[PDB]
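Chemist: sequence, then structure. It's an experimental one.
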Amino acid sequence: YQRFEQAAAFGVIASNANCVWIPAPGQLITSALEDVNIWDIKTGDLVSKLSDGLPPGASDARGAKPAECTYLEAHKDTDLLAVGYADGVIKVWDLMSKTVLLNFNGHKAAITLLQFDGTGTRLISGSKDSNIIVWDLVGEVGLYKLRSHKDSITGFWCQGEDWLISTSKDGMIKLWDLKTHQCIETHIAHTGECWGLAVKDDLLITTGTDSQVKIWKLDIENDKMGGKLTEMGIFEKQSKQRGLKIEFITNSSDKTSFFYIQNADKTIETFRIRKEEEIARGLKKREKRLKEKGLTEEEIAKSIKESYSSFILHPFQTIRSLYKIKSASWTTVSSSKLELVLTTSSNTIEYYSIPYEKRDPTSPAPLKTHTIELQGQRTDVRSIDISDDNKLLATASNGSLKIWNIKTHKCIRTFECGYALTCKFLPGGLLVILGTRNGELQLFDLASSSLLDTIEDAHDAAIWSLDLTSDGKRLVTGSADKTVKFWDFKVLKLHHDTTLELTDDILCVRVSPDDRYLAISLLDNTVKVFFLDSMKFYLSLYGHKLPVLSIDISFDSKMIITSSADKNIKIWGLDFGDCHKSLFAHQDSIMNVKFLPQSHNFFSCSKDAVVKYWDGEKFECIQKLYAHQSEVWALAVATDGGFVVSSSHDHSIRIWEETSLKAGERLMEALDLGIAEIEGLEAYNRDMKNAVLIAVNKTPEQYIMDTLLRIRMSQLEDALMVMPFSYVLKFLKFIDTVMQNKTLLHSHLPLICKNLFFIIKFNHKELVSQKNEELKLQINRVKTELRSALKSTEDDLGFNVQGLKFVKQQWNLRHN
Amino acid sequence: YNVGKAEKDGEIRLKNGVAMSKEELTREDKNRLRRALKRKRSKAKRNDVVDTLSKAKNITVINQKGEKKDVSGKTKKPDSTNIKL
Amino acid sequence: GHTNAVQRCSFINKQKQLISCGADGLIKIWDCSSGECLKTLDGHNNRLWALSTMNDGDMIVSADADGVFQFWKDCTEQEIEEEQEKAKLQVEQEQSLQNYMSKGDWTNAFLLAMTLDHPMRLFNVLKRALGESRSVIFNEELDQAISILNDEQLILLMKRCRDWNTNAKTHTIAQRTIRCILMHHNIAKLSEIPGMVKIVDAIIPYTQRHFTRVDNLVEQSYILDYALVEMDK
Amino acid sequence: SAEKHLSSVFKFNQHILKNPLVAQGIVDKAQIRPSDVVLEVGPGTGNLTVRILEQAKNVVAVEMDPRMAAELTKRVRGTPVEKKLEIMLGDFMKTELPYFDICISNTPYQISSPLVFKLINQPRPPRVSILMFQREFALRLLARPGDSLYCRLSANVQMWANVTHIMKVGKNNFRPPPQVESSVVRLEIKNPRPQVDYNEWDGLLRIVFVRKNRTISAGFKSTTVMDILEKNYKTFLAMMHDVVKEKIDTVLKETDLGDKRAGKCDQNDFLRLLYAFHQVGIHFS
Amino acid sequence: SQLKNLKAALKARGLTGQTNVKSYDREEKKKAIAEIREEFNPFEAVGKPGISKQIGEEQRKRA
RNA sequence: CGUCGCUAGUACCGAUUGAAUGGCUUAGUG
């Protein structure tokens, strides 16, 4: 067959990933799914696009849906971009190189937040896997990681390499000592979940699920072993919804600290720290007011503490925007004015500039300098059509109608409309028809660039589907009104000719390429086929478990394929109304299934974001191509069949176009290494007068003892038995050095005693023959220290038991 | 005296003589101990006809309330906006 | 859910909840949305007539047919504030214990472990503290710390040492802890502590077994003087 | 967890026929068409069920004893007719039964009276049903007007269906032998259902059958009959004891029915009585 | 021996193991069943010649 | 000793002109 692949993707400015900003008023780099886009704020269009590679639909592309980049984080000085993907792989990028600088895969979940250190060597990585792994770009490895947090990493702050603060989704904030790799102290950031953190100077502010935002102080040199991060007060903000991101600004000349809090609702609420002598002036004033009120000195002091948070900071402005913001960034700083960039859930980027002087801003409301909507669509595409001439793509969603040229991938014409459900496009590229849920039928002409005629009362209910005859004279409408209505064009306006009653509402309408007959879907799970010339019922198609979502008619017109929410795609023979075969293609509901023109084969798209190619003759999936991260709402095929387009809830539009050591033996080796080492250490010291042990990070005597401890007991006696004498002499040297270290002896005395007795018993004749006078001293010394150790434990045992029974006797006498 | 189960619900005490309070265990050790328990428990004429009823597929059981259910005890077997949206 | 007839029904918490007085004398609180008895309040032994609520049910008064007036007052936030505070103390203690063990301040770690009831940390604090001692019983400060334990803490400690003693690999640690306590407390006082003697009962047999052991390991030791005296010849 | 559910609906606590001719006769008199689905009540071991399955497109067996259902299952397992048998276990008087053209039943005698009307009230009822009843209950169904056994049950069933005797079954034909004799009858439900209110027909039939051998006029002399009927007239006016007395007097006099006995009355006689009260505004039920 | 090959061959076609695993068309599975059954019957590993007498019998049933 | 599961709970993402309440407000009554 002929393989299919995805050539070029568009239609989305960026996904729900953080905004990354570079000055230029500024330029913003925001990513779309796996690819990265750069949008200049002044122009409103992208300067350039950064794409990883591995185009979707290619053989080398992985079957499973690709992971989008959740978090983009940049360092200007190195000119490098860190990309965090859903799977967990972190890819280092350079905007100039246009490729991946470095690939890091150590996180099992998506990366929550990121940070380049100023040096650029270390990149702090935070993931939802509850682990912070500090990644070294120049080292190409993770030097270490932090695991104490029990929930996802909502934020972290590391300006100084020495110390680190991290805040978790659970709500516990834990200061970290990096060199020791342990958390210094733990306090709850909030009773609820903590999602936002920000450190500046001594000041620490955190926001939780509740409205109130908590102010903290941290004294890095306190070293009190307690109260390292402490709260003075909590100030209640207006928005009950939390703040995902907190970023601050100060101007050194101004000496004023402004900041925003990016909330999960559209409004971003902002706050400003008051200037200290003004706070001092306010403190004096409030003391005055209290004296006129008559409060006592103790009362006067009390009110200062409660209002102390109010003394510190005040709101300079609350900025409100048209669309919900996924992320925001502090772009520009100036005492004269502030300018901010924010990326919206509706895929449009808004940028606001506000001037202020002294306490409050001059402008009562924020003003938007620029926007990015030319390439942006506010709502997901419900219905897509391909132009007959094949050089125009018609895109329809709520309150918007977009036409996209194939080569440019840029919107040539934008049309205002209603909640359009289905889109249809007449032959010759003159007109397009849109059907709204409100009941109105909207007709536009590309040359007019405006609506010709609207019939609000065409259908009282929603026009859930629409189709045209091959001649195009008759327009077939299927609506929730339970009646199929036929509209005939006249010269241009539409007039109603005939209506067909039906028992249920119409889900879809499909007119055959030959125009002989019309197929109708209904809610009762049944498909019906009517003769178009006579409007007489011809045959039904029964047995579907759930309603059919789409109906398509093959070019030969002998077979139709019904796609239904039951997740089974069924092909039906019209000549006699039989189902030739049924396939469970997708794990979720199948929206649309389209015959390839002049081919029995068909594409299919479903809620679970899987789009598949199926052969009519083989009746099996030709190719499984997975590109979207969300439900693929609709699919349209070119007249030639060269290219096919799909739309997903992500707002992205994709164009698809065809191209061994034995027990005891290890003890022998371990003994040689350590005894070689201890002989050296003694050898080196007398003169003054290996790699494995370093990795073990234990003493040469300690390393062997782990080996001895490692040996299983049942094989231990045989291990000693096979052991030659020359190594037994080494093993006696081992004990003496172990015996020198008193701490290790008592920890493992019982095991050492049994081994020594077995060896001496098993080599008593060999031992006695040896004439080494030094060997006397080794056996003598081990004896004296062994006796003290054994006697000590015995004396403690006999001491305890004797008094232990004494207690029993005394209790008996009392109760007896 | 013989070591038994933990008296406190929040602790695990093995026969080894070691007690394990749940709070101090790290997540990884919590997982294996759960798996360790799993292996321990894993190894640890009317009936003859009832399996025949469950063996057969073409048997429908009617309860007192009148509903039809299979032998296993499970019931043997729309909004326009939801289906299309 | 009411065992006897319900004679008063009044809404509280705005729409959210309804309180019902039953002829059993039982005042039941229900969630209107889910219709489930959240709480069952029993302050009367007789059947009820009057159920007056104030401040959206923050204050509830129920009168008994006997002539007893019983007043309930809302304390949900009060209870929630309490548990919140204890969690703050518990998390602080858990961290501080961890810091001390890394630092090696076994004495402070010892106190925290007993309060938090952490056996492994109680194992590690004593085990490696003994190791430092090996390099009166444990050390002057920790020995003093052992002296100050209250009756409840002593019983908790003795519950462990019993469980420690039975295993030969760990009896060594427990005995020294027993040694310190007998050496740093009035032995008379230890006997009055209820339940101590039954703990004392289990330690004795295992102590004797370990005493027969070790003595035997001692006994095998003059295999080495048999080596010395023999080759001296 | 089969025991979990089957034990929740049953506790797991009958005279079995041993005469092959009656089973052969019952199936033979059914005259089963090849394109008919049969509801079989009381399959028992399956001796009747297997024969029906041979000549039936489908057979739906309904059983009360989980013991006996399995023996049906074992008998038919791995057979060409296995696909054509569906066994419903449990009470079937409460469940809405499926479509069926013929009903062959070794019916439990306890549910004999409910069963006969469930078929009659079954929407689109079976065209013919071979039911096996006892002599006493069956003879009431077959009882004709003027006979000793003529009763309300006969009057009610006869107008919604025709019942005909097939054969007599002796108590020896079963073991352990029942204390009562047995019989087989054929019930043919009328299509279309005679358009008379189910309640009204019962209402008139009941008040006159309180004493079947007593005059109809006397049956309306009871004080409660006037009170229950008087309020029924108050219902007619909403959407007077002397008046309803007089109205009853005219009806029984004009129809010449006030001096005869319910035990000696035909369908037409009651229908005429049913009309004459409707004209004067009296509705029974 | 032969058992080990059976599990591996079945597993390669997806004939064994849990189906609801998170993180092949059925008819082709049936085709695999036929291939597995015929392949693991050496009598009908392969047997030496002359073991079976199917050809002699079938030729005769034709007669 | 591991990986993936199943159950309970906590929160998260956006679609279901999601639905239902209330605050203000356009316009029409009053």
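Modeler: Sure thing, it's come through. Numbers count the residues shown, from 1 in each chain, chains lettered A, B, ... in the order given.
Chemist: what segments of chain B are strands?
Modeler: Along chain B, counting by DSSP state E, strands occupy B:11-13, B:19-21, B:59-62, B:68-69.
Chemist: ok, which of the ones you listed comes nearest residue D:81?
Modeler: Smallest distance to residue D:81 across the strands of chain B (Cβ to Cβ): 15.3 Å, for strand B:59-62. Quick note: C-beta positions are derived from backbone N, CA and C, even for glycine.
Chemist: the residue lying closest to residue D:108 once chain neighbours are set aside: what's it in contact with?
Modeler: Spatial nearest neighbour of residue D:108, excluding adjacent residues (Cβ to Cβ, 6 or more residues apart in numbering or on different chains): residue D:42 at 6.4 Å. Residues near residue D:42 by Cβ atoms under 8 Å, 6 or more residues apart in numbering or on different chains: D:62-63, D:105-108.
Chemist: so residue A:453 is in which element?
Modeler: Here residue A:453, judged by DSSP states H and E, is contained in strand A:450-455.
Chemist: pull the contacting residues for the residue in chain A that chain D sits nearest to.
Modeler: Going by Cβ to the nearest Cβ, chain D is nearest to residue A:542 of chain A, at 17.0 Å. The contact partners of residue A:542, taken as Cβ under 8 Å, 6+ apart, are A:525-526.
Chemist: ok, now residue D:157?
Modeler: Residue D:157 makes contact with D:116-117, D:120, D:141, D:163 under the criterion Cβ under 8 Å, 6+ apart.
Chemist: neighbour count and distance to residue A:260 added to the residues you listed, as JSON lines?
Modeler: Listed next are those as JSON lines, based on neighbours: other Cβ atoms under 10 Å in any protein chain shown; distance: Cβ to Cβ, whole Å:
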{"residue": "D:116", "neighbour count": "25", "distance to residue A:260": "82"}
{"residue": "D:117", "neighbour count": "15", "distance to residue A:260": "78"}
{"residue": "D:120", "neighbour count": "20", "distance to residue A:260": "79"}
{"residue": "D:141", "neighbour count": "25", "distance to residue A:260": "89"}
{"residue": "D:163", "neighbour count": "20", "distance to residue A:260": "89"}
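Chemist: and which of the residues you listed is nearest to residue C:58?
Modeler: Distance ranking of these against residue C:58, using Cβ to Cβ, places residue D:117 first at 60.6 Å.
Chemist: ok, now how distant is the closest one from residue D:163?
Modeler: 12 Å (Cβ to Cβ, to the nearest Å).
Chemist: and residue A:655, by the same measure?
Modeler: Residue A:655 is 76 Å from residue D:163, by Cβ to Cβ.
Chemist: do the same with residue A:381
Modeler: For residue A:381, the distance to residue D:163 equals 69 Å [Cβ to Cβ].
Chemist: and residue C:160, how far from residue E:11?
Modeler: 50 Å.
Chemist: higher neighbour count, the two?
Modeler: More crowded of residue C:160 and residue E:11, by other Cβ atoms under 10 Å in any protein chain shown: residue C:160, with 22 against 11.
Chemist: would you say the more buried one is within a helix?
Modeler: Yes - applying DSSP: H, G, I helix; E, B strand; the rest coil, one finds residue C:160 inside a helix.
Chemist: correct me, but residue C:93 touches residue C:112?
Modeler: Yes - using Cβ atoms under 8 Å, residue C:93 makes contact with residue C:112 at a distance of 5.7 Å.
Chemist: of the two, which one has the most company?
Modeler: Comparing residue C:93 with residue C:112 by other Cβ under 10 Å, the one with more neighbours is residue C:112, at 22 against 15.
Chemist: buried residues, the strand or helix carrying the more buried one. List them.
Modeler: Here residue C:112, judged by DSSP H and E, is contained in helix C:106-116. For helix C:106-116, burial by neighbour count (16 or more other Cβ atoms under 10 Å in any protein chain shown) applies to C:106-114, C:116.
Chemist: is the next helix or strand after it anywhere near RNA strand F?
Modeler: As assigned by DSSP H and E, the chain's next helix or strand after helix C:106-116 is helix C:119-134. No - taking Cβ under 7 Å from any atom of the strand as the criterion, helix C:119-134 and RNA strand F are apart, separated by no less than 14.6 Å.
Chemist: on contacts alone, who are the packing partners of helix C:119-134?
Modeler: Applying 3 or more Cβ pairs under 8 Å, 6 or more residues apart in numbering or on different chains; DSSP states H and E, we find helix C:119-134 packed against helix A:742-747, strand B:19-21, helix C:76-103, helix C:106-116, helix C:151-165, helix C:171-183.
Chemist: now that helix: buried residues?
Modeler: Here helix C:119-134 shows C:119-123, C:125-126, C:129-130, C:133 as buried, counting by 16+ other Cβ under 10 Å.
Chemist: so what touches that helix?
Modeler: Contacts made with helix C:119-134 from outside it, assessed by Cβ under 8 Å, 6+ apart, are listed as A:742-743, A:746-747, B:11, B:18-21, B:24, C:97, C:101, C:104, C:106, C:109-110, C:113-114, C:138-139, C:142, C:160, C:164, C:170, C:173, C:176-177.
Chemist: same thing but at 7 Å, please
Modeler: Applying Cβ atoms under 7 Å, 6 or more residues apart in numbering or on different chains, the contact partners of helix C:119-134 are A:742-743, A:746-747, B:18-21, B:24, C:97, C:101, C:106, C:109-110, C:113, C:138-139, C:142, C:160, C:173, C:176-177.
Chemist: on that earlier part again, list the buried ones in the strand holding residue A:453?
Modeler: Going by neighbour count (16+ other Cβ under 10 Å), the buried part of strand A:450-455 is A:451, A:455.
Chemist: convert the C-alpha atoms of it to PDB, please.
Modeler: Taking Å, rounded to 0.1, in the frame of the first residue of the first chain, the C-alpha atoms of strand A:450-455 are listed here in PDB:
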ATOM      1  CA  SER A 450     -19.100  38.500   5.000                       C
ATOM      2  CA  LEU A 451     -22.400  36.700   5.600                       C
ATOM      3  CA  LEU A 452     -24.800  36.600   2.700                       C
ATOM      4  CA  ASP A 453     -28.000  35.300   4.400                       C
ATOM      5  CA  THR A 454     -28.900  34.000   7.800                       C
ATOM      6  CA  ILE A 455     -32.100  32.000   8.600                       C
END
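Chemist: return the distance of that strand from the chain's centre.
Modeler: Put simply, strand A:450-455 sits 44 Å off its chain's centre (Cα atoms, centre = their mean, to the nearest Å).
Chemist: and if you look at stretch C:132-144?
Modeler: Distance, centroid of stretch C:132-144 to centroid of chain: 26 Å (Cα atoms, centre = their mean).
Chemist: dump that stretch to CSV, keeping only the CA atoms.
Modeler: Only the C-alpha atoms of stretch C:132-144 are listed here, as CSV (Å, rounded to 0.1, in the frame of the first residue of the first chain):
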residue,chain,number,x,y,z
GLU,C,132,30.7,5.2,70.2
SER,C,133,30.7,4.0,73.9
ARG,C,134,32.7,1.0,72.9
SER,C,135,35.4,3.2,71.3
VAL,C,136,29.0,4.6,82.3
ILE,C,137,26.8,2.3,80.3
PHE,C,138,26.2,4.4,77.2
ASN,C,139,27.5,7.8,78.1
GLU,C,140,27.0,10.4,80.8
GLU,C,141,24.4,12.5,79.1
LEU,C,142,22.4,9.6,77.5
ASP,C,143,22.6,7.7,80.8
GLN,C,144,21.1,10.8,82.5
